[PDB]
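Have a look at the structure below, then the notes.
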Amino acid sequence: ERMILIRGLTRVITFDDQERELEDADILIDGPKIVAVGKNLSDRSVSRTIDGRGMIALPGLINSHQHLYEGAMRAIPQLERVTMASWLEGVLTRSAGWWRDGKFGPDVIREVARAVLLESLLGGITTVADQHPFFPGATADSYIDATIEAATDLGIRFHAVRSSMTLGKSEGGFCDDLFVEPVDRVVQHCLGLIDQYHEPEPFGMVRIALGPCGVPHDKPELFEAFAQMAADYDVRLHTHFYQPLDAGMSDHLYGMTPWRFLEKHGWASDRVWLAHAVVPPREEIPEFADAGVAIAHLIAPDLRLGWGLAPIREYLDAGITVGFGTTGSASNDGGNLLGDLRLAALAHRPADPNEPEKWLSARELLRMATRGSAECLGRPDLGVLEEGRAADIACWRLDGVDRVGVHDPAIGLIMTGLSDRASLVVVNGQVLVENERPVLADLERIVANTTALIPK
Ligand SMILES: [Zn+2]
């Protein structure tokens, strides 16, 4: 029950309510939580002191949108340069194919998940929300059991978002039958997951969320069902939102915009975070704000697929919560959240060539990647370095030869570097990464084991 002191961090970014930062300052940790953050903290009941000099410390990064199983689908030549339709076909085909060859069972997803999750820790990411949409077998298989098992073995904080594709081509869908589950099978399964896995209490390490793939891909019955289940069991709701084709598909199936559809079917609530949000009607943005939905900025796939730049400034101006994420590795293709912030930092600028004040700043992006994401996930106990909050902490060295000359360390973190490898990472008060290495997980063994299971 003994504490941990991180002493003399060169810079500490808190993202508390004042955006306080401190210099040559400490973080005191006791079990799952932060006890204090400030200069010259007492080592009174401390059983280990960690030398933070030369480091910048942030709240642990929170990846608010992953698809772990896609770790197996990286850097496929056929999928290097493809639009959404071909990409979606390519991933679905591969996952369905590997699955009926017996090459993609929950045992495989578990080890893919273990690799990408460990990569995540090493990149300073302390919480991941994975959306798994793939459940063939008639009895919905243990894919989420498998990702939760990897997360738990690793000690990374975890949100399991049970996804689906419930709208088939026989109803106007762009999927297939092997992945199309009846709505009731999705709903039954979700209930069992909550009861078995959900840790609603503060500092909870595993939580469940309900996440249809999207309005073009799922039945309204599912959304309404989930809206009921979310209020009955106090869990959260997640889906994709305003991908370029969606407005057209939503109007064709239902005669309304994707937002108006969500509104109708119970999803205009503070009960919701929404992935991408690339091309909304501007007129709807103030409505996102009053509804209290949050939005996850996913720059890497938005660029990768040719979709472009989501109006993040507008969301910020409207007071909408904005978080950040990588998405799956079939459309990123890495799980490197920190690197992806540099992508956003730069790619937004050409869209407002003469109004640099509109450009997202390093600190606004770092906020998205911590506090913003914590809020997307409904976690007031994460995303902030201050007393009472979770001791989830990520730190990077500032004294490498590739960061010589850096005047502001936080900007430096986005704008410079050969490597996004974190030095020191703490989750739920447990040191998981030190000197850029895992201290509990066996790195080489995990690389070997997962590599052996990746399908040809
Ligand atoms: Zn996604």
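The analysis underlying the following values was restricted to heavy atoms, covering all of them including side chains, and did not include hydrogens, waters or symmetry mates. Numbers here are sequence positions counted from 1.
Partner of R162 under the side chain to side chain contact (heavy atoms under 4.5 Å, CB included) criterion, chosen from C190, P133, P212: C190. When the options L366, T326, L365, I125 are evaluated for a side chain to side chain contact (heavy atoms under 4.5 Å, CB included) with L338, the one that passes is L366. Here the rule is salt bridge (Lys or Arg N to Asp or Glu O under 4.0 Å) with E119, and of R421, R74, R114 only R74 fits it. Applying the ring-ring contact (aromatic ring centres under 6.0 Å, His included) test between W267 and each of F241, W273, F223 identifies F223 as the sole match. Paired with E364 under the rule salt bridge (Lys or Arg N to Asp or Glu O under 4.0 Å), one option of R371, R313, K358 passes, and it is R313.
Using a 4.5 Å heavy-atom cutoff, the side chains of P438 and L122 are in contact. Counting heavy atoms from C-beta on, the side chains of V128 and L61 never come closer than 4.5 Å. Annotation: side chain of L303 is in contact with side chain of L343 (closest heavy-atom distance under 4.5 Å). At a threshold of 4.5 Å between non-hydrogen side-chain atoms, the residues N63 and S373 do not count as touching. When side chains are defined from C-beta on, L440 does not count as touching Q430, because their heavy atoms never get closer than 4.5 Å. In this structure the side chain of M256 never reaches within 4.5 angstrom of the side chain of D251, judged on heavy atoms. Proximity of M205 to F158: side-chain heavy atoms (C-beta onward) are nowhere separated by under 4.5 Å. Counting only heavy atoms from C-beta outward, the side chains of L432 and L154 never approach each other to under 4.5 Å.
Ring geometry for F288 against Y242 counts as tilted: the plane angle lies between 30° and 60°, on a 0 to 90° scale. Aromatic ring pairs are classed by plane angle as parallel below 30°, tilted from 30° to 60° and perpendicular above 60°; the pair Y254 and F261 is tilted.
A salt bridge is absent between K219 and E224: the closest approach of a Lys/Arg side-chain nitrogen to an acidic carboxylate oxygen does not fall below 4.0 angstrom. A salt bridge does not link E355 to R349: none of the charged side-chain nitrogens sits closer than 4.0 Å to a carboxylate oxygen. A salt bridge is defined here as a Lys NZ or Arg NE, NH1 or NH2 lying under 4.0 Å from an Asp or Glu carboxylate O, and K33 with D392 fails to meet this definition. By the 4.0 Å N-to-carboxylate-O rule, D270 lies too far from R236 to be salt-bridged with it. Comment: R282 engages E314 in a salt bridge, judged by a side-chain N to carboxylate O separation of less than 4.0 angstrom. A salt bridge is absent between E199 and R207: the closest approach of a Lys/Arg side-chain nitrogen to an acidic carboxylate oxygen does not fall below 4.0 angstrom.
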Q) Going through the checks in order, is the side-chain hydrogen bond (donor to acceptor under 3.5 Å, both in side chains) test met by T126 and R157? A) CA-CA 6 Å; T126 51; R157 193 172 309 265; over 6 Å; no

Q: List the steps, then state whether side chain to side chain contact (heavy atoms under 4.5 Å, CB included) holds for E111 with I446.
A: CA-CA 8 Å; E111 300 305 321; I446 291 171; 5.8 Å; no

**Q.** Pair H198-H159, ring pair (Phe, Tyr, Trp, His ring centres under 6.0 Å): steps then yes or no
**A.** CA-CA 9 Å; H198 191 68; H159 294 220; 7.9 Å; no

Q) Where do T327 and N332 land on the side-chain hydrogen bond (donor to acceptor under 3.5 Å, both in side chains) test, with the steps shown first? A) CA-CA 7 Å; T327 220; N332 181 295; over 6 Å; no

Q: For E287 and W259, run side-chain hydrogen bond (donor to acceptor under 3.5 Å, both in side chains): C-alpha distance rounded to whole Å, both residues' side-chain angles, the deciding distance at 0.1 Å, then the answer.
A: CA-CA 9 Å; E287 304 181 38; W259 173 241; 3.1 Å; yes

Q) What's the verdict on ring pair (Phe, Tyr, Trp, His ring centres under 6.0 Å) for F135 and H189, showing C-alpha distance, side-chain angles and the deciding distance? A) CA-CA 10 Å; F135 294 98; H189 184 225; 5.2 Å; yes

Q: Report the C-alpha separation of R367 and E375 in whole Å, then their side-chain angles, then the decisive distance to 0.1 Å, and conclude whether the salt bridge (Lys or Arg N to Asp or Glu O under 4.0 Å) test is met.
A: CA-CA 11 Å; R367 191 206 188 270; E375 297 166 351; 3.6 Å; yes

Q | Chi angles and distances behind the side-chain hydrogen bond (donor to acceptor under 3.5 Å, both in side chains) call for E284, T257 | A | CA-CA 10 Å; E284 292 180 345; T257 75; 2.8 Å; yes

(Q) Go through it in stages, so that I can follow the logic: the residues are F174 and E89, the test is side chain to side chain contact (heavy atoms under 4.5 Å, CB included), and I'd like the CA-CA distance, side-chain angles, deciding distance and then a yes or no. (A) CA-CA 9 Å; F174 291 63; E89 180 71 336; over 6 Å; no

Q | side chain to side chain contact (heavy atoms under 4.5 Å, CB included) assessment of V425 paired with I393 | A | CA-CA 6 Å; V425 184; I393 305 146; over 6 Å; no

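Within the 3.5 Å criterion, the main-chain N or O of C213 finds a donor-acceptor partner in the side chain of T239. Judged by distance alone, the side chain of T14 and the main-chain N or O of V384 form no donor-acceptor pair under 3.5 Å. The closest donor-acceptor contact from the side chain of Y315 to the backbone of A277 lies under 3.5 Å. No donor-acceptor distance shorter than 3.5 angstrom exists from the side chain of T450 to the backbone of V447, with no hydrogens or angles considered. A donor-acceptor pair under 3.5 Å is absent between the side-chain atoms of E386 and the main chain of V37, judged by distance alone. Checking side-chain atoms of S95 against main-chain N and O of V91 turns up a donor-acceptor pair under 3.5 Å. No donor-acceptor pair closer than 3.5 Å links the side chain of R397 to the backbone N or O of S423. For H276 (side chain) and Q243 (main-chain N/O), no donor-acceptor pair under 3.5 Å exists by modelled atom type. Not a single donor-acceptor pair under 3.5 Å links the side chain of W396 to the backbone N or O of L413. At distances below 3.5 Å, not a single donor-acceptor pair connects side-chain atoms of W307 with backbone N or O atoms of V278.
Between the SG atom of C395 and the CD1 atom of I6 there is a distance of 5.5 Å, given to the nearest 0.5 Å. Atoms CG and CG, from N435 and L424 in turn, are 8.5 Å apart once rounded to the nearest 0.5 Å. Atom CG of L385 and atom CG of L22 lie 9.5 Å apart (nearest 0.5 Å). Annotation: the span from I285 atom CD1 to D317 atom CG amounts to 9.5 Å, rounded to 0.5 Å.
Between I13 and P59 the shortest heavy-atom distance is O-CD, 3.3 Å. Residues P216 and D246 approach most closely at CG-OD1, 3.4 Å, considering heavy atoms.
Taking the six-membered ring wherever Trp is involved, the centroid distance between the rings of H238 and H65 falls below 6.0 Å. Outside the 6.0 Å centre-distance limit, the rings of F104 and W99 are not counted as a close aromatic pair. For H132 and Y143, the distance between ring centers is under 6.0 angstrom.
Side-chain atoms of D130 and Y69 form no donor-acceptor pair, as typed in the model, at a separation below 3.5 Å.
Other residues, nucleotides and ligands contribute over 12 non-hydrogen atoms within 6.0 Å of the CZ atom of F203. Within a 6.0 Å radius of CD in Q188, no more than 12 heavy atoms belonging to other residues, nucleotides or ligands are found.
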